[PDB]
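Visitor: Before I ask anything, here is the structure I am working with.
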Amino acid sequence: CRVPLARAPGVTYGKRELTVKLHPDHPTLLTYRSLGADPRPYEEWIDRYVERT
Amino acid sequence: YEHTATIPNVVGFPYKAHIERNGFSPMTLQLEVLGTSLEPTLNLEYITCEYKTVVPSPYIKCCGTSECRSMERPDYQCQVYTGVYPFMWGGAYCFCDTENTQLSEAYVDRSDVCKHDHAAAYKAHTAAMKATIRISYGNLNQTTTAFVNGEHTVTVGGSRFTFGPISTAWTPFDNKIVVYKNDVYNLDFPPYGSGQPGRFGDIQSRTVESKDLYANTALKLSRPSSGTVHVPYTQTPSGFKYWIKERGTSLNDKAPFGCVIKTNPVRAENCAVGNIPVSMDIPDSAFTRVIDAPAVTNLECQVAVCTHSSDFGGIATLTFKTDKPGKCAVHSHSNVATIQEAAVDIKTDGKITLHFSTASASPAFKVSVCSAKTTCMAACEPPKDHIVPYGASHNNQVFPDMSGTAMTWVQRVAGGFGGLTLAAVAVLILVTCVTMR
Ligand SMILES: *[C@@H]1O[C@H](CO)[C@@H](O)[C@H](O)[C@H]1NC(C)=O
């Protein structure tokens, strides 16, 4: 079962802050979590170019 | 030779464990932890799968007598109707009207891919956890495999090790979980007894042996229309397919310590929490004695640049008079700064380079050669402006040293401001001793 592979997101790290630019070709999913005790999960579908901090 | 130690449960972090028994040269142990794996207990309450509504062909008979019979299959809707005038391609059959029978029945059964496309429920409890540990010392470097339970041996070789129990079991799992094709969820389920008609688990069958397929899917029958032959049954959609469709919020993204879950025995791997105690015993003949290469004499340390906090920026120079050159051991007593070099070769010159790292700008790490020990201090002021993608290799403790070099003026100004009021107290005391008379 083959599955696509999106392009590498454009990361431009700040200080104590992470900025990323996303260039989707199709609606995909981006999630992140923290290794600390409180995970603070997140999920949100992406269909167009967008910046996330 | 029994000795105890503690290891932070951080994967990929080399650990230095020093043994300093008298009568022999002191020795150092390299500790590695590779991919811990916590495995819980499973109970397998029941199973959930799709349901097929099996309906036989309707029964027609033109006499008017009804035959209502009851069987033991689940959720029958036993009903027969009269006043039916069925139609087919050849127009219609028979002649009689107002006196006819129409028997319609249906029931439910488990799915065809029940063997493969099922979903499993499980109950969690106190969980054991296994760890893979690599041990190294002088000309010996091997991996191990221990259950790191309350008490269990390793026997890597000449020496023997026993890993102590975990302080607390902060398992990501809890009570009841669901397993379905390589992912789990912390989502509770209704009990095996009764279930809601449609939400989830509308089929609450037990083990896959297909016995007593309890169903609460609420079949309903209705009168067929006067046009032609029918079998009108109303049914809510399968909750299993709807639950798959909604899915969302996989537990693999909710691990409170980034603990990746693999489903084949259902375990959680590669996550840091707590610390692991250990005890050991070592044979006498596993190292050298004091008579071999004693070359410490005096000692002093210097630092050139100490850009810190990323991997290793603490280049340090140690010079000392030397006897016949040979091997030796070196470490640090404190944990404010940590080194990477294991037992290192010593040349006759005595100039030795060391790599260490720390967090605070004023480290007070006390270095220790296999016979000597001298205090080492540095002004590791300069940080670096990056966000590293690799792992940290030092303790998180950041604290300026009590002596220090930049915070000294705070100490002296506080002492002086205290001295003002102390001398004022002294002069008041002498005055009141004069006036008490
Ligand atoms: C132990 O041996 C492996 C080779 O399998 C090597 O990569 C590793 O660096 C060795 N350990 C040390 C402390 O050198």
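FYI, nothing fancy with the structure tokens labels: chains A, B, ... in order, residues from 1 per chain, ligands from 1 as they appear.
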For the strand (DSSP E or B) assignment from backbone DSSP, which residues of chain A qualify? Please present them as a list in words.

Guide: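 Taking chain A and keeping strand (DSSP E or B) only, one gets residues 10, 11, 12, 13, 18, 19, 20, 21, 22, 28, 29, 30, 31, 43, 44, 45, 46, 50, 51 and 52 of chain A.
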
Visitor: Identify every residue of chain A that has at least one atom within 7 Å of any atom of chain B, counting only C-alpha atoms, and report the result as an NGL selection string.

Guide: :A and (33 or 35-39 or 41)

Visitor: I need the chosen residues saved as a PDB file, in the first residue's frame, with C-alpha atoms.

Guide:
ATOM      1  CA  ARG A  33       3.667  17.387  21.456  1.00  0.00           C
ATOM      2  CA  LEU A  35       8.316  15.757  26.017  1.00  0.00           C
ATOM      3  CA  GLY A  36       7.503  17.375  29.370  1.00  0.00           C
ATOM      4  CA  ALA A  37       4.985  15.984  31.826  1.00  0.00           C
ATOM      5  CA  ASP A  38       2.125  18.023  30.341  1.00  0.00           C
ATOM      6  CA  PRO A  39       1.991  16.969  26.661  1.00  0.00           C
ATOM      7  CA  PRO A  41      -1.309  17.788  22.083  1.00  0.00           C
TER       8      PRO A  41
END

Visitor: Contacts of residue 53 of chain A at 10 Å or less, counting only C-alpha atoms, minus same-chain residues fewer than 2 places along, as a compact mmCIF listing (two decimals) with N, CA and C atoms, in the first residue's frame?

Guide:
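See result_1.txt below for the written result:
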# COMPACT_ATOMS: atom_id res chain seq x y z
N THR A 12 12.43 27.87 10.33
CA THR A 12 13.31 29.02 10.60
C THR A 12 13.21 29.33 12.10
N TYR A 13 14.11 28.72 12.87
CA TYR A 13 13.99 28.72 14.32
C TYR A 13 14.32 30.10 14.89
N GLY A 14 13.51 30.53 15.85
CA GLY A 14 13.80 31.71 16.65
C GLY A 14 14.49 31.35 17.94
N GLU A 17 11.23 29.64 20.57
CA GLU A 17 10.08 29.75 19.68
C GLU A 17 10.46 29.11 18.36
N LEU A 18 9.52 28.40 17.73
CA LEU A 18 9.80 27.69 16.49
C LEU A 18 8.79 28.13 15.43
N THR A 19 9.30 28.68 14.33
CA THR A 19 8.47 29.15 13.23
C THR A 19 8.67 28.24 12.02
N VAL A 20 7.56 27.83 11.41
CA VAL A 20 7.59 26.89 10.30
C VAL A 20 6.61 27.35 9.22
N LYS A 21 7.00 27.16 7.97
CA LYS A 21 6.19 27.48 6.80
C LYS A 21 5.81 26.18 6.11
N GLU A 51 1.76 29.70 7.73
CA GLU A 51 2.83 29.79 8.70
C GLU A 51 2.30 29.43 10.08

Visitor: Please return as a PyMOL selection string the residues found within 8 Å of ligand 1, counting only C-alpha atoms and all ligand atoms.

Guide: chain B and resi 30+136-137+141-142+342

Visitor: Just the residues within 7 Å of segment 172-188 of chain B, please, counting only C-alpha atoms, with nothing from its chain fewer than 2 positions along; format it as a ChimeraX atom specification.

Guide: /B:119-125,170,250-252,255-256,262-263

Visitor: From the options B:363, B:274, B:138, B:391, which residue's atoms come nearest to residue 6 of chain B, counting only C-alpha atoms?

Guide: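 Nearest candidate to residue 6 of chain B out of B:363, B:274, B:138, B:391: B:274.
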
Visitor: List the spatial neighbours of segment 57-61 of chain B as a PyMOL selection string - criterion: any atom at most 8 Å away, only C-alpha atoms, same-chain residues fewer than 2 positions off excluded.

Guide: chain B and resi 55+63-64+100-105+231

Visitor: How about saving the chosen residues, C-alpha atoms kept, as a PDB file, in the first residue's frame?

Guide:
ATOM      1  CA  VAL B  55     -33.127 -11.554   6.153  1.00  0.00           C
ATOM      2  CA  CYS B  63     -54.999 -19.121   2.978  1.00  0.00           C
ATOM      3  CA  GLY B  64     -55.174 -16.537   5.797  1.00  0.00           C
ATOM      4  CA  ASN B 100     -53.593 -13.682   2.482  1.00  0.00           C
ATOM      5  CA  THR B 101     -50.468 -14.198   4.571  1.00  0.00           C
ATOM      6  CA  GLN B 102     -47.121 -12.403   4.363  1.00  0.00           C
ATOM      7  CA  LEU B 103     -44.405 -13.629   6.734  1.00  0.00           C
ATOM      8  CA  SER B 104     -41.314 -11.440   7.133  1.00  0.00           C
ATOM      9  CA  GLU B 105     -38.417 -12.138   9.493  1.00  0.00           C
ATOM     10  CA  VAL B 231     -39.448  -6.448   3.273  1.00  0.00           C
TER      11      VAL B 231
END

Visitor: Write out as an MDAnalysis selection string which residues come within 8 Å of segment 354-356 of chain B when counting only C-alpha atoms, dropping same-chain ones fewer than 6 positions away.

Guide: chainID B and resid 312:318 337:341

Visitor: Report as number ranges by chain: the residues of segment 231-388 of chain B with a DSSP assignment of helix (DSSP H, G or I), based on the backbone of this structure.

Guide: B: 239-246, 251-253, 284-286

Visitor: Could those selected residues go to a file with C-alpha atoms, as a PDB file, in the first residue's frame?

Guide:
ATOM      1  CA  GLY B 239     -21.314   2.026  15.144  1.00  0.00           C
ATOM      2  CA  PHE B 240     -18.035   0.296  14.288  1.00  0.00           C
ATOM      3  CA  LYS B 241     -17.768   1.946  10.862  1.00  0.00           C
ATOM      4  CA  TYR B 242     -18.852   5.311  12.279  1.00  0.00           C
ATOM      5  CA  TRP B 243     -16.252   5.056  15.055  1.00  0.00           C
ATOM      6  CA  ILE B 244     -13.566   4.278  12.469  1.00  0.00           C
ATOM      7  CA  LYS B 245     -14.747   7.215  10.346  1.00  0.00           C
ATOM      8  CA  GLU B 246     -14.571   9.705  13.215  1.00  0.00           C
ATOM      9  CA  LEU B 251      -3.003   7.943  21.585  1.00  0.00           C
ATOM     10  CA  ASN B 252       0.396   7.668  19.865  1.00  0.00           C
ATOM     11  CA  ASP B 253       0.393  11.482  19.889  1.00  0.00           C
ATOM     12  CA  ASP B 284      39.137  -8.935  42.153  1.00  0.00           C
ATOM     13  CA  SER B 285      41.017  -9.892  38.966  1.00  0.00           C
ATOM     14  CA  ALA B 286      38.940  -7.616  36.689  1.00  0.00           C
TER      15      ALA B 286
END

Visitor: Hey, which of A:3, A:10, A:42, A:48 ends up closest to residue 25 of chain A? Count only C-alpha atoms.

Guide: A:48

Visitor: Report, in Å with one decimal, the straight-line distance from atom CA of residue 106 of chain B to atom CA of residue 68 of chain B.

Guide: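 Result for atom CA of residue 106 of chain B versus atom CA of residue 68 of chain B: 13.5 Å, one decimal.
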
Visitor: At a cut-off of 10 Å, using only C-alpha atoms, what residues contact residue 8 of chain A? Leave out same-chain residues fewer than 3 positions from it and give the result as a ChimeraX atom specification.

Guide: /A:5,11,21-24

Visitor: Using atom CA of residue 216 of chain B and atom CA of residue 193 of chain B as the two end points, give the distance in Å to one decimal.

Guide: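 Rounded to one decimal, the two atoms are 10.4 Å apart.
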